[PDB]
Every structure is written in C-alpha cells, then in structure tokens.
file start_26.txt (compact mmCIF, C-alpha atoms)
# COMPACT_ATOMS: atom_id res chain seq x y z
CA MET A 1 27.55 98.37 -152.51
CA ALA A 2 29.12 100.53 -155.21
CA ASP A 3 31.80 103.19 -155.72
CA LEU A 4 29.05 105.79 -156.19
CA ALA A 5 26.78 104.07 -153.68
CA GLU A 6 26.69 103.09 -150.01
CA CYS A 7 29.82 101.10 -149.19
CA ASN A 8 31.81 100.39 -146.02
CA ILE A 9 35.11 100.21 -147.94
CA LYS A 10 35.50 96.88 -146.10
CA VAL A 11 36.21 98.69 -142.80
CA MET A 12 39.81 99.84 -143.29
CA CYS A 13 41.93 99.56 -140.15
CA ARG A 14 45.51 100.73 -139.71
CA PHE A 15 46.90 99.88 -136.26
CA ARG A 16 50.55 100.91 -136.46
CA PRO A 17 52.35 100.27 -133.09
CA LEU A 18 54.81 102.83 -131.71
CA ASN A 19 58.39 101.56 -131.68
CA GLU A 20 61.49 103.07 -130.06
CA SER A 21 59.55 104.66 -127.20
CA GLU A 22 57.79 101.40 -126.29
CA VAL A 23 61.00 99.43 -126.77
CA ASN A 24 62.94 101.73 -124.45
CA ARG A 25 60.19 101.42 -121.84
CA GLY A 26 60.25 97.65 -122.38
CA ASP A 27 56.51 97.61 -123.08
CA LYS A 28 55.26 94.86 -125.40
CA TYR A 29 52.50 95.12 -128.00
CA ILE A 30 49.98 92.72 -129.54
CA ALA A 31 50.56 92.17 -133.25
CA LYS A 32 51.17 88.96 -135.20
CA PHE A 33 50.23 89.05 -138.91
CA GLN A 34 50.89 90.79 -142.22
CA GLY A 35 49.61 94.22 -143.28
CA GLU A 36 47.56 93.37 -146.38
CA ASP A 37 43.84 92.82 -147.05
CA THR A 38 43.12 89.95 -144.61
CA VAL A 39 45.22 89.41 -141.49
CA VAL A 40 45.43 87.07 -138.50
CA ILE A 41 44.24 88.34 -135.11
CA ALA A 42 44.55 86.93 -131.58
CA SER A 43 42.20 84.11 -130.52
CA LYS A 44 39.54 86.72 -129.63
CA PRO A 45 36.78 87.41 -132.23
CA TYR A 46 37.87 89.77 -135.00
CA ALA A 47 36.51 91.05 -138.30
CA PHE A 48 38.56 92.92 -140.89
CA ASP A 49 37.48 92.60 -144.51
CA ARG A 50 40.21 95.10 -145.33
CA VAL A 51 43.06 95.90 -142.95
CA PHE A 52 46.60 97.25 -143.17
CA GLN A 53 49.56 97.05 -140.79
CA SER A 54 53.15 98.36 -140.77
CA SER A 55 53.38 96.91 -144.29
CA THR A 56 51.04 99.77 -145.27
CA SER A 57 54.13 101.41 -146.78
CA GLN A 58 52.21 104.70 -146.36
CA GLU A 59 51.82 105.45 -150.09
CA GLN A 60 50.12 102.13 -150.87
CA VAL A 61 47.25 102.67 -148.41
CA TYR A 62 47.00 106.48 -148.55
CA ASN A 63 47.02 106.56 -152.35
CA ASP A 64 44.19 104.02 -152.54
CA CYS A 65 42.24 105.70 -149.74
CA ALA A 66 42.39 109.13 -151.36
CA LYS A 67 41.05 107.79 -154.66
CA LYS A 68 38.16 106.00 -152.96
CA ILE A 69 36.99 109.15 -151.15
CA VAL A 70 37.62 111.43 -154.15
CA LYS A 71 35.66 109.24 -156.58
CA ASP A 72 32.49 109.35 -154.48
CA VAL A 73 32.69 113.14 -154.59
CA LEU A 74 32.80 113.18 -158.38
CA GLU A 75 29.92 110.71 -158.91
CA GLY A 76 28.49 109.90 -155.47
CA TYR A 77 26.28 112.52 -153.83
CA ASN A 78 28.53 112.86 -150.75
CA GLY A 79 31.85 111.59 -149.40
CA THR A 80 32.11 110.65 -145.71
CA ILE A 81 35.15 109.36 -143.83
CA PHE A 82 35.09 108.04 -140.24
CA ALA A 83 38.31 107.79 -138.22
CA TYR A 84 38.56 106.28 -134.72
CA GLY A 85 41.76 106.10 -132.67
CA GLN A 86 43.54 107.03 -129.45
CA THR A 87 46.32 109.52 -128.66
CA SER A 88 48.55 106.44 -128.43
CA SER A 89 48.31 105.94 -132.19
CA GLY A 90 49.10 109.64 -132.61
CA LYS A 91 46.07 111.76 -133.48
CA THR A 92 48.20 114.50 -135.02
CA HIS A 93 50.46 112.18 -137.03
CA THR A 94 48.49 108.97 -137.66
CA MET A 95 44.75 109.72 -137.47
CA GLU A 96 45.03 113.23 -138.91
CA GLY A 97 47.43 111.83 -141.50
CA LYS A 98 49.34 115.12 -141.66
CA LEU A 99 52.84 114.61 -143.06
CA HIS A 100 55.45 117.26 -142.27
CA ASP A 101 56.87 116.59 -145.74
CA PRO A 102 54.90 115.32 -148.82
CA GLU A 103 55.60 111.63 -149.46
CA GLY A 104 52.71 109.23 -148.96
CA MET A 105 50.83 111.94 -147.06
CA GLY A 106 47.74 110.93 -145.05
CA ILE A 107 44.00 111.53 -145.54
CA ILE A 108 43.94 115.23 -144.61
CA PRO A 109 46.81 116.34 -146.95
CA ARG A 110 45.38 114.21 -149.76
CA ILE A 111 42.03 115.95 -149.52
CA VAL A 112 43.70 119.34 -149.79
CA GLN A 113 46.18 118.43 -152.55
CA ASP A 114 44.49 115.62 -154.52
CA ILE A 115 41.23 117.55 -154.92
CA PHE A 116 43.13 120.75 -155.67
CA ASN A 117 45.03 118.96 -158.42
CA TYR A 118 41.75 118.62 -160.30
CA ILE A 119 41.00 122.28 -159.56
CA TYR A 120 44.27 123.40 -161.14
CA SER A 121 43.48 121.24 -164.16
CA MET A 122 40.01 122.85 -164.23
CA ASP A 123 38.47 123.62 -167.61
CA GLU A 124 37.64 127.17 -168.69
CA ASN A 125 34.05 126.19 -169.50
CA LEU A 126 33.66 124.47 -166.12
CA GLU A 127 33.15 126.67 -163.06
CA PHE A 128 34.76 125.65 -159.76
CA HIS A 129 33.82 126.98 -156.33
CA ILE A 130 35.39 125.77 -153.08
CA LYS A 131 33.98 126.47 -149.61
CA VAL A 132 34.97 125.01 -146.22
CA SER A 133 33.33 124.81 -142.78
CA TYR A 134 34.45 123.51 -139.37
CA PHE A 135 32.23 122.46 -136.45
CA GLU A 136 33.00 121.42 -132.88
CA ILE A 137 30.81 119.50 -130.42
CA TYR A 138 31.04 119.01 -126.67
CA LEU A 139 28.45 117.61 -124.29
CA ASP A 140 28.69 120.68 -122.07
CA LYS A 141 28.15 123.26 -124.84
CA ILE A 142 26.48 121.20 -127.58
CA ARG A 143 27.19 124.22 -129.82
CA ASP A 144 29.95 124.90 -132.38
CA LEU A 145 32.64 127.34 -131.22
CA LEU A 146 33.92 127.86 -134.79
CA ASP A 147 31.36 130.61 -135.36
CA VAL A 148 32.82 132.28 -132.23
CA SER A 149 29.25 132.25 -130.85
CA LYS A 150 27.15 129.55 -129.21
CA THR A 151 24.72 128.28 -131.85
CA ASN A 152 23.03 125.02 -132.87
CA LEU A 153 23.20 123.50 -136.37
CA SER A 154 19.90 122.95 -138.18
CA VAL A 155 18.94 120.56 -140.98
CA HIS A 156 16.07 121.11 -143.44
CA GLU A 157 14.18 118.12 -144.85
CA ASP A 158 12.70 120.17 -147.70
CA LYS A 159 15.40 120.28 -150.43
CA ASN A 160 18.41 118.05 -149.62
CA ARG A 161 17.62 116.80 -146.11
CA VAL A 162 21.21 117.69 -145.24
CA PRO A 163 22.49 119.88 -142.33
CA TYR A 164 23.03 123.57 -143.12
CA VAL A 165 26.09 125.55 -142.14
CA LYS A 166 24.75 127.92 -139.50
CA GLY A 167 26.53 131.26 -139.03
CA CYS A 168 27.78 131.43 -142.64
CA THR A 169 31.05 129.71 -141.71
CA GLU A 170 31.25 128.33 -145.27
CA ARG A 171 33.20 131.45 -146.38
CA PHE A 172 34.72 130.95 -149.83
CA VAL A 173 38.25 129.55 -149.81
CA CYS A 174 40.36 128.97 -152.94
CA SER A 175 44.01 128.72 -151.87
CA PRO A 176 45.21 125.49 -150.13
CA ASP A 177 47.04 127.53 -147.50
CA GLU A 178 43.77 129.12 -146.41
CA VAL A 179 42.11 125.74 -145.75
CA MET A 180 45.27 124.51 -144.05
CA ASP A 181 45.08 127.30 -141.48
CA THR A 182 41.47 126.49 -140.62
CA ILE A 183 42.50 122.89 -139.96
CA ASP A 184 45.01 123.79 -137.22
CA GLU A 185 45.22 127.55 -136.54
CA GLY A 186 41.47 128.11 -136.14
CA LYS A 187 40.13 124.64 -135.37
CA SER A 188 42.60 123.87 -132.58
CA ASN A 189 42.21 127.25 -130.87
CA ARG A 190 38.40 127.15 -130.89
CA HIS A 191 38.28 123.53 -129.69
CA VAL A 192 38.14 123.13 -125.90
CA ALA A 193 41.45 121.95 -124.46
CA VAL A 194 41.87 119.52 -121.55
CA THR A 195 44.90 118.37 -119.55
CA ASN A 196 46.03 115.35 -121.59
CA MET A 197 48.28 114.33 -124.50
CA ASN A 198 45.37 115.18 -126.79
CA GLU A 199 43.64 118.29 -125.49
CA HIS A 200 40.74 118.16 -127.97
CA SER A 201 40.60 114.52 -129.13
CA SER A 202 40.94 112.91 -125.68
CA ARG A 203 37.69 114.52 -124.49
CA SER A 204 35.63 114.75 -127.69
CA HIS A 205 35.39 113.81 -131.35
CA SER A 206 35.80 116.35 -134.15
CA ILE A 207 33.71 116.61 -137.31
CA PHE A 208 34.07 119.05 -140.21
CA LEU A 209 32.58 119.43 -143.68
CA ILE A 210 34.02 120.61 -146.99
CA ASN A 211 31.74 122.01 -149.67
CA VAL A 212 33.37 121.59 -153.08
CA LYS A 213 31.71 121.74 -156.49
CA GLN A 214 32.96 120.67 -159.91
CA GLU A 215 29.78 121.93 -161.58
CA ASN A 216 29.69 123.38 -165.09
CA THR A 217 27.73 126.52 -165.91
CA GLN A 218 25.66 125.12 -168.80
CA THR A 219 25.08 121.36 -168.20
CA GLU A 220 26.60 120.32 -164.87
CA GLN A 221 25.12 123.37 -163.12
CA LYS A 222 25.11 121.26 -159.94
CA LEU A 223 27.68 118.53 -159.19
CA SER A 224 29.43 116.91 -156.20
CA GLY A 225 28.46 117.33 -152.54
CA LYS A 226 30.49 117.49 -149.32
CA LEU A 227 33.59 115.73 -147.93
CA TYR A 228 33.74 114.66 -144.26
CA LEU A 229 36.48 113.34 -141.94
CA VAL A 230 35.40 112.41 -138.41
CA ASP A 231 37.78 111.86 -135.52
CA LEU A 232 36.13 109.50 -133.03
CA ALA A 233 37.82 109.48 -129.63
CA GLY A 234 36.93 108.64 -126.04
CA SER A 235 37.55 105.25 -124.46
CA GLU A 236 35.12 103.51 -122.10
CA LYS A 237 34.73 104.82 -118.55
CA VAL A 238 36.52 101.66 -117.39
CA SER A 239 39.75 102.16 -115.43
CA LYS A 240 39.66 105.96 -114.97
CA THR A 241 36.74 107.30 -112.93
CA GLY A 242 38.14 110.02 -110.64
CA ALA A 243 37.57 112.47 -113.48
CA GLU A 244 33.81 112.23 -112.92
CA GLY A 245 32.79 115.32 -114.90
CA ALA A 246 35.62 114.90 -117.42
CA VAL A 247 34.75 111.23 -117.94
CA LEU A 248 31.01 111.91 -117.73
CA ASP A 249 30.76 113.23 -121.30
CA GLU A 250 33.23 110.62 -122.59
CA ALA A 251 31.14 107.82 -121.09
CA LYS A 252 27.87 109.56 -121.97
CA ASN A 253 27.96 111.72 -125.12
CA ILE A 254 30.84 109.94 -126.84
CA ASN A 255 29.69 106.49 -125.75
CA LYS A 256 26.10 107.12 -126.84
CA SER A 257 27.15 108.59 -130.19
CA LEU A 258 29.70 105.81 -130.69
CA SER A 259 27.12 103.09 -130.12
CA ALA A 260 24.52 104.82 -132.30
CA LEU A 261 27.03 105.34 -135.11
CA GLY A 262 27.98 101.68 -134.95
CA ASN A 263 24.31 100.83 -135.26
CA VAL A 264 23.95 103.18 -138.23
CA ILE A 265 26.84 101.63 -140.17
CA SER A 266 26.18 98.00 -139.21
CA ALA A 267 22.38 98.13 -139.56
CA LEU A 268 22.50 99.78 -142.98
CA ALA A 269 25.16 97.40 -144.31
CA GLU A 270 23.23 94.36 -143.02
CA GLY A 271 20.01 95.63 -144.61
CA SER A 272 17.96 96.39 -141.49
CA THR A 273 14.36 97.44 -142.13
CA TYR A 274 14.37 100.15 -139.44
CA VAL A 275 15.32 103.77 -140.18
CA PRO A 276 18.36 105.03 -138.12
CA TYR A 277 18.16 108.04 -135.79
CA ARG A 278 18.24 106.92 -132.11
CA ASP A 279 17.83 110.63 -131.25
CA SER A 280 21.63 110.90 -131.41
CA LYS A 281 23.41 114.16 -132.24
CA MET A 282 25.83 112.43 -134.63
CA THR A 283 23.19 110.14 -136.17
CA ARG A 284 20.74 113.01 -136.76
CA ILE A 285 23.30 115.31 -138.41
CA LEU A 286 24.57 112.47 -140.60
CA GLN A 287 21.20 110.71 -140.93
CA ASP A 288 20.90 111.37 -144.66
CA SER A 289 24.60 111.94 -145.27
CA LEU A 290 25.28 108.46 -143.92
CA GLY A 291 21.79 107.10 -144.58
CA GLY A 292 23.14 104.96 -147.43
CA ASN A 293 22.59 107.77 -149.95
CA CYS A 294 26.33 107.94 -150.70
CA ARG A 295 29.67 106.13 -150.47
CA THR A 296 31.62 106.23 -147.19
CA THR A 297 35.07 105.15 -146.00
CA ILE A 298 35.78 103.72 -142.55
CA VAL A 299 39.16 104.33 -140.89
CA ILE A 300 40.32 102.55 -137.72
CA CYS A 301 43.74 103.38 -136.21
CA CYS A 302 45.03 102.25 -132.80
CA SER A 303 48.48 101.54 -131.33
CA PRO A 304 48.44 98.43 -129.02
CA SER A 305 50.46 98.93 -125.83
CA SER A 306 51.40 96.43 -123.12
CA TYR A 307 49.03 98.02 -120.60
CA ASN A 308 46.77 99.46 -123.32
CA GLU A 309 45.33 96.07 -124.29
CA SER A 310 41.77 97.23 -123.61
CA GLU A 311 42.17 99.99 -126.19
CA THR A 312 43.31 97.46 -128.77
CA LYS A 313 40.18 95.45 -128.07
CA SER A 314 38.06 98.59 -128.44
CA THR A 315 39.58 99.08 -131.90
CA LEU A 316 37.87 95.98 -133.30
CA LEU A 317 34.90 96.61 -131.00
CA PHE A 318 33.80 99.38 -133.42
CA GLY A 319 31.50 97.22 -135.59
CA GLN A 320 32.14 94.05 -133.58
CA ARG A 321 30.90 95.32 -130.19
CA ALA A 322 27.92 92.90 -130.09
CA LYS A 323 29.43 90.11 -132.23
CA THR A 324 32.84 90.23 -130.53
CA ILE A 325 31.55 88.13 -127.65
CA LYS A 326 30.35 84.70 -128.76
CA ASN A 327 31.36 81.04 -128.55
CA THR A 328 33.95 81.46 -131.30
CA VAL A 329 37.52 80.15 -131.29
CA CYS A 330 40.22 81.46 -133.62
CA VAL A 331 43.48 79.59 -134.21
CA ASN A 332 46.42 80.14 -136.57
CA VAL A 333 46.01 77.46 -139.25
CA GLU A 334 49.03 78.59 -141.29
CA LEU A 335 51.37 77.83 -138.36
CA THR A 336 54.56 76.09 -139.48
CA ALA A 337 57.49 74.30 -137.83
CA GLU A 338 59.76 77.17 -138.85
CA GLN A 339 59.96 79.86 -136.17
CA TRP A 340 57.49 82.66 -136.94
CA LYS A 341 59.83 85.41 -135.72
CA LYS A 342 63.10 86.00 -133.88
CA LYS A 343 64.65 88.73 -131.72
CA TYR A 344 67.55 89.19 -134.14
CA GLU A 345 67.72 88.54 -137.88
CA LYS A 346 71.19 87.04 -137.49
CA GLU A 347 71.00 83.28 -136.95
CA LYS A 348 73.77 80.79 -136.16
CA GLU A 349 73.74 76.99 -136.37
call {"tool": "encode", "arguments": {"input": "start_26.txt", "output": "structure tokens"}}
result
Amino acid sequence: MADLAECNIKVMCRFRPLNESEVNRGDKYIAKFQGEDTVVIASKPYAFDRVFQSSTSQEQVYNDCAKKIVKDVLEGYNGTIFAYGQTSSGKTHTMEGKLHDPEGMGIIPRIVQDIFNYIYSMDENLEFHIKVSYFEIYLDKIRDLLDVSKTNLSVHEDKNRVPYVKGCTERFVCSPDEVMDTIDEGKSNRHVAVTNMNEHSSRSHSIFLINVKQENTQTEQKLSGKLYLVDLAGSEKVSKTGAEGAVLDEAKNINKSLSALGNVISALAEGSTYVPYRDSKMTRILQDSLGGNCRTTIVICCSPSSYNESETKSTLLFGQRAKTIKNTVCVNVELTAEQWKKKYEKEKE
C-alpha cells in the first residue's frame, strides 16, 4: 500500500454514458450521483473507493492518473494498468484514451507524451533508452501475431522472474511518432478482426509492454521497469449464444482469465496466504509483474444503456463478483425534499 509498492489505486472507475445518440434513440441510462471520489450507486451492492463520472472534467482525472502510473516507473519496479470496458463506452475514444487533439488526453497519449517530457529534459550524464513491444492473444492461436510468426512468450525465473519479449520485438524506438504507429498501424492490423463495432476488443483483450529506462551510466546503471495497459473485454455468454465458436473463447478464455485476474487483485489486496497462478495465461505472464512487487492502477470504464443494464452490472462485478450478491440493502441517505433533478433547467412557479 504505497506509491512505490503494491496498490489498487482505489479501483478507479469512469463510466461516462453516451448522450445525443442514446437521447435520439430514446434509450435511458442508469446514473444518479456525482463524479468525485465516493459516489452513490443503485440499491444493488457496489464498491468504489475511488470513482469518477461525467464530472471527471477529463484533465482532472487523466492528469492524476498519468502521475500515478509514471511515479511507479521512476521508483516502483514496474507500472501496470488494467482497463475493462465495452464498445459501448467507446474503446477507441474512452478506454484507449486517445484524444484527436491534446487537451486532457487519456492514458495512452499521456504515456507517450508525459514520459517523453522527462526524456526531452534528460541530463547529459544520464543515459536514456526507450524500447517498445506489442503482444496479442487469442484462444484459437494462443500466440502473438506481432512478431508476424506464431510463437509463445516465455518467462525465466532466474534473474527477474518476468516474461521475456520473444522474437526481439522490443526494437529500439526513440521518436513518439514511431511508438504511435505501433499502437494503431501495426497493432490493429496484426490483431484478428471480427464482425462487430470493435473488431479486436469485442472478441479478445489486448496487452502490451513498454520497456523504458531512466538509468545513469555511473550510479543508476539500472533503473525503472516496464509500463503496461491492458484492455479487458468480453461480456458473459448470457444473451448471445448463436455465435458458439465466437462466444466460446469469450466465455472460456476471457471469462477464465477475467475471473483469475480478479482473484489475483482481490486476493493480494486482502492479504491471502496462497500464491496466485490458477494456471491462467494472464495470471502466469503477470504473476510477478502483478504479484504485489510493484504499484498498479485499475481502470474501469462502461457506458450504461437502457438495454445494456447487464453490462453496467458487470462493470462493478470486476472485484465485486463474489461480494456483489449478499443480503445487503443500499439506500440514498442524503435524499432531500428538493427535487434531485429535472428535465429542463428552467423552472416556473
């Protein structure tokens, strides 16, 4: 529980609903509360130590988030970020956090620019080296397509107990434009596409690692570790089932990894005496990376729709899956005689 130590960042959740489109369709959404620290959620069990809503104001949450992940890189061994959401929230715009124009940019742009800012302000004595790698995982292949060849990643317990970039995909990258291209031009093309709003995200999650060092030649010979941003996607098999094969991996690989990951985060935070692994692909690769040996940030984004209520529930379900169903009743204590909200601001008496 420290900036340079294992920390859940109080499970940050940003569920920004989509207006205009939903309004035109006449679809309602579930959201009654403010967007700061602690908020009020429907009578069903909820747990958000730290949560933001439309009040996020973009810059207020992104600025804070970037600092939290950057700081663990400087002092903490590694920096890991988890992000779960659905195409409804907008994977490209919301979860990816890619702003078409700088101004309260999201997580991805901040990593590229915020970190680079330090690089530009680098000292002559200090030596900086930046390398990036991208990996893709599907149940059917189980191998990363980034290398252009079917291969499996391997981790060695001898020196760092961390996964090694197989295929030498960690090619040196210095310019920000070069890393930008890998994010969309190479990553998207290599990733398997499926008929859906989100070709890659809707069928599988995406994980990539960034190797950056702020080491100095004489004293800080070795400093910093790796930065990670994971896009968790794939709703429960419920509802849709005709897909069969398409839903098979979503209900199997994604579901299994999702549950195991929840166990890894929850069990470690609670202080469980058992070592995590569950023979899961995601748990094994991030066993030591997310084994409590470094600070991590949790990101939860989901847009609640009228008919997408189940997805909203799944948003909280992340860490709450087992504790979300108990004899617990939640009511709004701060209720007042004054009307909470109105259709139009204008009021006549």
call {"tool": "closest_residue", "arguments": {"input": "start_26.txt", "among": "A:234, A:17, A:242, A:85", "to": "residue A:256", "atoms": "all atoms listed in the file"}}
result
A:234
call {"tool": "residues_around", "arguments": {"input": "start_26.txt", "residues": "residue A:144", "least_positions_apart": "2", "cutoff": "10 Å", "atoms": "only C-alpha atoms", "output": "PyMOL selection string"}}
result
chain A and resi 134-138+141-142+146-153+166-167+190-191
call {"tool": "write_last_selection", "arguments": {"input": "start_26.txt", "atoms": "C-alpha atoms", "output": "PDB file, in the coordinates of the input"}}
result
ATOM      1  CA  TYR A 134      34.450 123.510-139.370  1.00  0.00           C
ATOM      2  CA  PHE A 135      32.230 122.460-136.450  1.00  0.00           C
ATOM      3  CA  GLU A 136      33.000 121.420-132.880  1.00  0.00           C
ATOM      4  CA  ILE A 137      30.810 119.500-130.420  1.00  0.00           C
ATOM      5  CA  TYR A 138      31.040 119.010-126.670  1.00  0.00           C
ATOM      6  CA  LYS A 141      28.150 123.260-124.840  1.00  0.00           C
ATOM      7  CA  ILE A 142      26.480 121.200-127.580  1.00  0.00           C
ATOM      8  CA  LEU A 146      33.920 127.860-134.790  1.00  0.00           C
ATOM      9  CA  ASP A 147      31.360 130.610-135.360  1.00  0.00           C
ATOM     10  CA  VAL A 148      32.820 132.280-132.230  1.00  0.00           C
ATOM     11  CA  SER A 149      29.250 132.250-130.850  1.00  0.00           C
ATOM     12  CA  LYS A 150      27.150 129.550-129.210  1.00  0.00           C
ATOM     13  CA  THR A 151      24.720 128.280-131.850  1.00  0.00           C
ATOM     14  CA  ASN A 152      23.030 125.020-132.870  1.00  0.00           C
ATOM     15  CA  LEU A 153      23.200 123.500-136.370  1.00  0.00           C
ATOM     16  CA  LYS A 166      24.750 127.920-139.500  1.00  0.00           C
ATOM     17  CA  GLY A 167      26.530 131.260-139.030  1.00  0.00           C
ATOM     18  CA  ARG A 190      38.400 127.150-130.890  1.00  0.00           C
ATOM     19  CA  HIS A 191      38.280 123.530-129.690  1.00  0.00           C
TER      20      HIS A 191
END
call {"tool": "atom_distance", "arguments": {"input": "start_26.txt", "atom1": "atom CA of residue A:130", "atom2": "atom CA of residue A:215"}}
result
10.9 Å
call {"tool": "residues_around", "arguments": {"input": "start_26.txt", "residues": "residue A:273", "least_positions_apart": "5", "cutoff": "12 Å", "atoms": "all atoms listed in the file", "output": "VMD selection string"}}
result
chain A and resid 264 267 to 268
call {"tool": "residues_around", "arguments": {"input": "start_26.txt", "residues": "stretch 24-38 of chain A", "least_positions_apart": "6", "cutoff": "9 Å", "atoms": "all atoms listed in the file", "output": "ChimeraX atom specification"}}
result
/A:12,14,17-18,48-56,303-309,312
call {"tool": "residues_around", "arguments": {"input": "start_26.txt", "residues": "stretch 196-213 of chain A", "least_positions_apart": "4", "cutoff": "8 Å", "atoms": "all atoms listed in the file", "output": "PDB file with C-alpha atoms, in the frame of the given file"}}
result
ATOM      1  CA  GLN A  86      43.540 107.030-129.450  1.00  0.00           C
ATOM      2  CA  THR A  87      46.320 109.520-128.660  1.00  0.00           C
ATOM      3  CA  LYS A  91      46.070 111.760-133.480  1.00  0.00           C
ATOM      4  CA  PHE A 128      34.760 125.650-159.760  1.00  0.00           C
ATOM      5  CA  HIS A 129      33.820 126.980-156.330  1.00  0.00           C
ATOM      6  CA  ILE A 130      35.390 125.770-153.080  1.00  0.00           C
ATOM      7  CA  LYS A 131      33.980 126.470-149.610  1.00  0.00           C
ATOM      8  CA  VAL A 132      34.970 125.010-146.220  1.00  0.00           C
ATOM      9  CA  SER A 133      33.330 124.810-142.780  1.00  0.00           C
ATOM     10  CA  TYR A 134      34.450 123.510-139.370  1.00  0.00           C
ATOM     11  CA  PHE A 135      32.230 122.460-136.450  1.00  0.00           C
ATOM     12  CA  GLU A 136      33.000 121.420-132.880  1.00  0.00           C
ATOM     13  CA  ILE A 137      30.810 119.500-130.420  1.00  0.00           C
ATOM     14  CA  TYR A 138      31.040 119.010-126.670  1.00  0.00           C
ATOM     15  CA  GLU A 170      31.250 128.330-145.270  1.00  0.00           C
ATOM     16  CA  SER A 188      42.600 123.870-132.580  1.00  0.00           C
ATOM     17  CA  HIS A 191      38.280 123.530-129.690  1.00  0.00           C
ATOM     18  CA  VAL A 192      38.140 123.130-125.900  1.00  0.00           C
ATOM     19  CA  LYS A 222      25.110 121.260-159.940  1.00  0.00           C
ATOM     20  CA  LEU A 223      27.680 118.530-159.190  1.00  0.00           C
ATOM     21  CA  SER A 224      29.430 116.910-156.200  1.00  0.00           C
ATOM     22  CA  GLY A 225      28.460 117.330-152.540  1.00  0.00           C
ATOM     23  CA  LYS A 226      30.490 117.490-149.320  1.00  0.00           C
ATOM     24  CA  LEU A 227      33.590 115.730-147.930  1.00  0.00           C
ATOM     25  CA  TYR A 228      33.740 114.660-144.260  1.00  0.00           C
ATOM     26  CA  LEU A 229      36.480 113.340-141.940  1.00  0.00           C
ATOM     27  CA  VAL A 230      35.400 112.410-138.410  1.00  0.00           C
ATOM     28  CA  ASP A 231      37.780 111.860-135.520  1.00  0.00           C
ATOM     29  CA  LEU A 232      36.130 109.500-133.030  1.00  0.00           C
ATOM     30  CA  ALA A 233      37.820 109.480-129.630  1.00  0.00           C
ATOM     31  CA  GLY A 234      36.930 108.640-126.040  1.00  0.00           C
ATOM     32  CA  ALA A 246      35.620 114.900-117.420  1.00  0.00           C
ATOM     33  CA  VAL A 247      34.750 111.230-117.940  1.00  0.00           C
ATOM     34  CA  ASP A 249      30.760 113.230-121.300  1.00  0.00           C
ATOM     35  CA  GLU A 250      33.230 110.620-122.590  1.00  0.00           C
ATOM     36  CA  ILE A 254      30.840 109.940-126.840  1.00  0.00           C
TER      37      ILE A 254
END
call {"tool": "residues_around", "arguments": {"input": "start_26.txt", "residues": "residue A:103", "least_positions_apart": "2", "cutoff": "12 Å", "atoms": "only C-alpha atoms", "output": "MDAnalysis selection string"}}
result
chainID A and resid 57:60 62:63 97:101 105:106 109:110
call {"tool": "atom_distance", "arguments": {"input": "start_26.txt", "atom1": "atom CA of residue A:284", "atom2": "atom CA of residue A:72"}}
result
21.6 Å
